[PDB]
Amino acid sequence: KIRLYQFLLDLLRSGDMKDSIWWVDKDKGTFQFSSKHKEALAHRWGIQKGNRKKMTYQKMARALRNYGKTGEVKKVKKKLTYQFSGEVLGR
C-alpha cells in the first residue's frame, strides 16, 4: 500500500484536494494543510488505507511526526506546515 508521504505528494501533484492542502514553496518542498478542510483529506487517507476507524488529522499528524527522524517529512515552525526531503521530491 502507498505510504503517507507519497499519498500527500501525489495529492499536491494532482491538485485534487487543493482546498485542503497546498504548496507553500514547492521548490523547497514546503506544504501546508487547511485549518478548516484538513479533516476531509485525513478521511480520504484512512479510506485509501482501509483502516478500521475513521482517520483524523490528529492521527495522520501523529504518523507524520514519525518521519522526522528518517527525514522524509519534517515539521516547519509555521501553522500546519511541513517539508518533504529532497530525496522524496526527487523520486
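Numbers follow the displayed sequence, beginning with 1.
Peer 1: Between 10-18 and 78-86, point out the one with the higher average CA B-factor as the PDB entry records it.
Peer 2: In the deposited entry, the stretch with the higher C-alpha B-factor mean is 10-18.
Peer 1: Classify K38 as lowest, middle or highest third according to the C-alpha B-factor given in the PDB entry, relative to its own chain.
Peer 2: Bottom third by C-alpha B-factor.
Peer 1: Mind checking which third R52 falls in for C-alpha B-factor across the chain?
Peer 2: Tercile = highest for this residue's CA B-factor.
Peer 1: Within this chain's modelled residues, let me know which third the CA B factor of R62 belongs to: lowest, middle or highest.
Peer 2: According to the entry, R62 has a C-alpha B-factor in the chain's lowest third.
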